[PDB]
Amino acid sequence: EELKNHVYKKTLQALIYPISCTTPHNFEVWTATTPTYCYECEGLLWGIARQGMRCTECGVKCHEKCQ
Amino acid sequence: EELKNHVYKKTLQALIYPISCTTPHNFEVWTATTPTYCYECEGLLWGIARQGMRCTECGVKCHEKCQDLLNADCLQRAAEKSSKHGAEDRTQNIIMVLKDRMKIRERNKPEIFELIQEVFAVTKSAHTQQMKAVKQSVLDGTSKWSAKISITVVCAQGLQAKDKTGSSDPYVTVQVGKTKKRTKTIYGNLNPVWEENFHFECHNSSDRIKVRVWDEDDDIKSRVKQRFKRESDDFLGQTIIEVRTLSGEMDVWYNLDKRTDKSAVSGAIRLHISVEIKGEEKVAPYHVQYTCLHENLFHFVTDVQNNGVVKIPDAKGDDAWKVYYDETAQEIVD
Numbered sequence: 015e016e017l018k019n020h021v022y023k024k025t026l027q028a029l030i031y032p033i034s035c036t037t038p039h040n041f042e043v044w045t046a047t048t049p050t051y052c053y054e055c056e057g058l059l060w061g062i063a064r065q066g067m068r069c070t071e072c073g074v075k076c077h078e079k080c081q
Numbered sequence: 015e016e017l018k019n020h021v022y023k024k025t026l027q028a029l030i031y032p033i034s035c036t037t038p039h040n041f042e043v044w045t046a047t048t049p050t051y052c053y054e055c056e057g058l059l060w061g062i063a064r065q066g067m068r069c070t071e072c073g074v075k076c077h078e079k080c081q082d083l084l085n086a087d088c089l090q091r092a093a094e095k096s097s098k099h100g101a102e103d104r105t106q107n108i109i110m111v112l113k114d115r116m117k118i119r120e121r122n123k124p125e126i127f128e129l130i131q132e133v134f135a136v137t138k139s140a141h142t143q144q145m146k147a148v149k150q151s152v153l154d155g156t157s158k159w160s161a162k163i164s165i166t167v168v169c170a171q172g173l174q175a176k177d178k179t180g181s182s183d184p185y186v187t188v189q190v191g192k193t194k195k196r197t198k199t200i201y202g203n204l205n206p207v208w209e210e211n212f213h214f215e216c217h218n219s220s221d222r223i224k225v226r227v228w229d230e231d232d233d234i235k236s237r238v239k240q241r242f243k244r245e246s247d248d249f250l251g252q253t254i255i256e257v258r259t260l261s262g263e264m265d266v267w268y269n270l271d272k273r274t275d276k277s278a279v280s281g282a283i284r285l286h287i288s289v290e291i292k293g294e295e296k297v298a299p300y301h302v303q304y305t306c307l308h309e310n311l312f313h314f315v316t317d318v319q320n321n322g323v324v325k326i327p328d329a330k331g332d333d334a335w336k337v338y339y340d341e342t343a344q345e346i347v348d
């Protein structure tokens, strides 16, 4: 019973938003040529020393380790 | 003489700002995830479809096809990026880096410039004045797109008829910025040849040339029209050209377009267009310029300094075969 109801619920969750709804992040490498803060961690992106990734599609500016 | 003085000048220019002053652009690939405009061409960067390059060091946002057309070094393009992000003052700062580089270069290696003067046998005062010239060729010329433009309206083909003759009396106006000039008139012709040249000044690669063809009406109608419309000479068509499509010298024909309420238009106009962002295109193939430099330097060293004795160089390794001279002279030729 436990697994059956757990799996019922996880199947309902899995398919109500099927993973086939989702879109991928087109990241470019982008230099934070000024001190900038990652849209994940709010951590410092700066110069070549701490480059980020800028998505085009999601636009999103982040660490490499955050992308 | 010609090559020697040309090479003297190009050696002075080559070493006043030695190419060893320059910095490289650390480009990342960067998606313009919103519509963006290239710091070289001002052309559209958009999505994955038209990605750019963002430098880190120069910061600079451009097409991939522009990341190299961003001509100046990573100092200068860090300055130009800073002006296109917001801080224009950085540009004056790196103009002052260009000045300070050349002052330091002069003050620290005056013997380079003196040796070029002695090897090319120039005087110290005249060397100071040609040095004002090559300083100015990198210090007036520190950040310039102050183009003289020289527009020969050459000819047209297939023009619309408008005339008192039943053909046309086509002339042309040319305009760049606010400034406006005209050809004289070819009379009774729809395939006119002018070959008429207009000098202009442009200070912006994003300017346009405007070129407009007019049937010369000198009649009671045109004397009346002059009280109500600026273009009293029944318009035959126009072309409009971006200054960044121009370089060096050009000779091109352009199909014609409408403007005024009086417009009926057909055919094309040939324009020769020179643009004096052009500099020393007069290069002896730089081989020959280097040879002239080298022969003058060699006679100067062996004969002038060493009284015909060959001083064997401040040379390194078997590669003495590549170190022809002492540092100053070696750095000159290198």
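Chains as they are written, first to last, in the deposited numbering: chain W, 15 to 81; chain V, 15 to 348. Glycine included, every Cβ here is placed at the ideal spot set by N, Cα and C.
How about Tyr31 of chain V and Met116 of chain V: are their beta carbons less than 7 Å apart?
yes
Can you grab the Cα-Cα spacing for the pair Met67 of chain W / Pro49 of chain V, in whole Å?
18 Å
How big is the Cα-Cα spacing for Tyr185 of chain V and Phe242 of chain V?
21 Å
By the three-class DSSP mapping on this structure, what secondary structure does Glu125 of chain V have?
helix
Proximal residues to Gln174 of chain V (C-beta, below 8 Å), its chain only, five neighbours per side dropped:
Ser182, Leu204, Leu250, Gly251, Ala278, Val279, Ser280 and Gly281
Are the C-beta atoms of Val111 of chain V and some chain W residue less than 7 Å apart?
no
Going along chain W, which residues have a C-beta under 8 Å from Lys95 of chain V?
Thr47
Quick one: is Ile33 of chain V buried, meaning 16 or more other Cβ sit within 10 Å of its Cβ, or exposed?
exposed
Whole angstroms are fine: how far does the CA of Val168 of chain V sit from the CA of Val188 of chain V?
12 Å
Just to make sure I have the definition right: I need the residues of chain W whose C-beta is within less than 8 Å of the C-beta of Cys69 of chain V. Which are they?
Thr45 and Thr47
Helix, strand or coil at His39 of chain V according to DSSP, with G and I counted as helix
coil
Could you have a look at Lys75 of chain W and say whether DSSP puts it in helix, strand or coil?
strand
Counting Cβ pairs, one atom from each stretch, are 3 or more of them under 8 Å apart for the region 251-265 of chain V and the region 136-151 of chain V?
no
DSSP puts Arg68 of chain V in a beta bridge; with which residues?
V:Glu42 and V:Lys75
May I have the straight-line CA-CA distance separating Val318 of chain V from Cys306 of chain V, to the nearest angstrom?
16 Å
Identify the continuous beta strand (DSSP E) that holds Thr166 of chain V and give its terminal residues.
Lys162 to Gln171
Can you tell which of W:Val43, W:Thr70 and W:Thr47 has the C-alpha that lies nearest to the C-alpha of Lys79 of chain W?
W:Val43
So, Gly61 of chain V versus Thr70 of chain W, is the Cβ gap smaller than 7 Å?
yes
I need the DSSP call for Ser288 of chain V, collapsed to helix, strand or coil.
strand
Would you verify that the beta carbon of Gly57 of chain W is, or is not, closer than 7 Å to some beta carbon of chain V?
no
Touch test, the region 102-115 of chain V against the region 288-297 of chain V, Cβ-Cβ under 8 Å, three pairs minimum:
no
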